[PDB]
Protein chains: 2
Amino acid sequence: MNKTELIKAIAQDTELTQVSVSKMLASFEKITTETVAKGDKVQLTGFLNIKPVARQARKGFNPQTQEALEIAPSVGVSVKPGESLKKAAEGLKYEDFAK
Amino acid sequence: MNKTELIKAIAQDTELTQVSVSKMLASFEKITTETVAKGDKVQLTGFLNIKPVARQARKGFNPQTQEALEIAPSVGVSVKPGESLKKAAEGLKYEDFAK
């Protein structure tokens, strides 16, 4: 789902075994966190075009998810991949997608 | 930009030198293709949550309406990263998003 997914996956080529792969996971935490915080705006080999946002300290969810929402340390990230990924989604889970 | 970004940046810890990362680039082509195509629905260790949006629509009625009719190889990958990436976006994009 997460560590199983890409520590296994990418170890197939790079990350060959436990030591290389384990670096990779702890190294993508470092790939972005530098970017998102200051350098957020990015494109990553047709795999990750990062474009995030805040919305400051409004703090006041609603009248339901008790005094909350995710608003005081920014808001989230909005990202677009494609090209490679794009051609992929074409034909394999897709006939359930247009009907 | 694409190659220079990943190869150097992520090589700092994992991807030691050209051999290591270089596998990781040609392999990220092989990381998604499987998923995006059929398994598109996915989360990437709190980095990349994939979810496709198929949209071409065109079977092939005849050389007339425009060879098409109904549903086709359709897609552009839509992705939302997670609280870890935007946890970093609580700093500097956090700020000037404001206006």
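How each quantity is defined
Residues numbered from 1 in each chain as written, not as in the entry; some residues may be left out. Chains lettered and ligands numbered in written order. Heavy atoms only, no water. UniProt positions renumbered as here; feature names shortened; annotations may be inferred. Helix = DSSP H or I, 4+ residues; strand = E, 2+ residues; numbered from the N terminus. Rg over C-alpha atoms; globule rule 2.2 N^0.38 Å. Buried < 20%, exposed > 50% of the residue type's maximum accessible area, 1.4 Å probe, protein only. Contact = heavy atoms within 4.5 Å. Areas by Shrake-Rupley, 256 points an atom, 1.4 Å probe, with all protein chains shown as cover. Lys, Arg positive; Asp, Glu negative; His and termini not counted. Charge placed at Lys NZ, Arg CZ, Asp CG, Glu CD. Buried area = accessible area lost by both parts, 1.4 Å probe. Polar contact = N/O pair within 3.5 Å; in protein donor to acceptor, adjacent residues only side chain to side chain. Nonpolar A, V, L, I, M, F, W, Y, C, P; charged D, E, K, R; others polar. Pairing = 2+ DSSP bridges. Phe/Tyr/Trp six-rings, centres within 6.5 Å; stacked < 30°, edge-to-face > 60°. Core = buried A, V, L, I, M, F, W, Y, C linked by side-chain atoms within 4.5 Å.

The deposited coordinates, according to the entry record, derive from solution NMR.

Looking at the PDB entry, one finds chain A named TRANSCRIPTION FACTOR 1, with Bacillus phage SPO1 as its source organism. The title attached to this entry in the PDB is "TRANSCRIPTION FACTOR 1, NMR, MINIMIZED AVERAGE STRUCTURE". Per its UniProt entry, chain A bears the Function comment "Selectively binds to and inhibits the transcription of hydroxymethyluracil-(hmUra)-containing DNA, such as SP01 DNA, by RNA polymerase in vitro." Under the UniProt heading Sequence similarities, the note attached to chain A is "Belongs to the bacterial histone-like protein family."

### Things to note about the overall build of chain A
When you go through chain A residue by residue, the secondary structure sums to 4 helices and 2 strands. Going from N to C terminus, chain A has its helices and strands arranged as α-α-β-β-α-α. Against the globule reference of 13 Å for 99 residues, chain A gives a C-alpha radius of gyration of 18 Å, more extended than a compact globule. When the 99 residues of chain A are sorted by exposure, 38% land in the buried category. In chain A, of all internal contacts separated by at least 6 residues, the share reaching a separation of at least 24 is 31%. Surface exposure of chain A reaches about 6,400 Å², of which carbon and sulfur atoms provide 50%. For chain A, the distance from the average site of its 15 positive side-chain charges to the average site of its 12 negative ones is 6 Å.

### Quick word on the interface of chain A and chain B
Counting residues at the interface gives 61 residues for chain A and 58 residues for chain B. Taking both sides of the interface into account, the surface hidden between chain A and chain B amounts to around 5,300 Å²; carbon and sulfur atoms contribute 67%. It is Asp 13, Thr 45 and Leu 85 of chain A in chain A that bury the most area against chain B; as a group they hold 11% of the surface buried on that side. In this structure, the connection of chain A to chain B is made through 19 residue pairs in polar contact. Among the secondary structure elements, those contributing two or more residues to the side of chain A that touches chain B are α1 (3-11), α2 (18-39), β1 (49-53), β2 (76-80), α3 (84-89) and α4 (95-98) of chain A. Per-element tally for the side of chain A that touches chain B: the top contributor is α2 of chain A, with 13 residues. Class assignment of the residues belonging to the side of chain A that touches chain B gives a composition of 31 nonpolar, 14 polar and 16 charged.

### Considering the pairing of strand β3 (residues 77-80) of chain B
Residues and elements named next belong to chain B. By the alternation rule, side chains of β3 split into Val 77 and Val 79, which are all buried, and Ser 78 and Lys 80, of which none is buried. Here 4 bridges tie strand β2 (residues 48-52) to β3, and the two strands are oriented antiparallel to one another. Among the inter-strand pairings, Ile 50 is bridged to a residue of β3, identified as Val 79.

### Considering the packing of aromatic side chains
This model, assessed by the stated rule, comprises 3 aromatic pairs over all chains. With centroids separated by 4.0 Å and ring planes inclined at 40°, the aromatic side chains of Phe 28 of chain A and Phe 47 of chain B adopt a geometry described as tilted. On the criterion of chain membership, the pair formed by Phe 28 of chain A in helix α2 and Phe 47 of chain B in the loop between β1 (42-44) and β2 is interchain, its members lying in two chains. Given a relative accessible area of 4%, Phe 28 of chain A falls into the buried group. When its relative accessible area of 3% is taken as the criterion, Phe 47 of chain B is described as buried.

### Considerations on the side chain of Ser 74 of chain B
Locating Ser 74 of chain B in the fold gives a position in the loop between β2 and β3. A distance of 3.3 Å separates polar atoms of two side chains, one belonging to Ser 74 of chain B and the other to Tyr 94 of chain A. Leave out the neighbours within four places in its chain, and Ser 74 of chain B touches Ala 89, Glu 90 and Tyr 94 of chain A together with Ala 54, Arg 55, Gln 56 and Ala 57 of chain B.

### A closer look at the nonpolar core
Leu 48 of chain A together with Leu 6 and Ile 50 of chain B are the most contacted members of the largest nonpolar core, which has 44 residues in total. Sorting elements by how many residues they give to this core places helix α2 (residues 18-39) of chain B first, with 7 residues. For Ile 50 of chain B, the contacting residues outside a window of four places in its chain are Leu 85 of chain A together with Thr 35, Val 36, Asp 40, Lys 41, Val 42, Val 77, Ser 78 and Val 79 of chain B.

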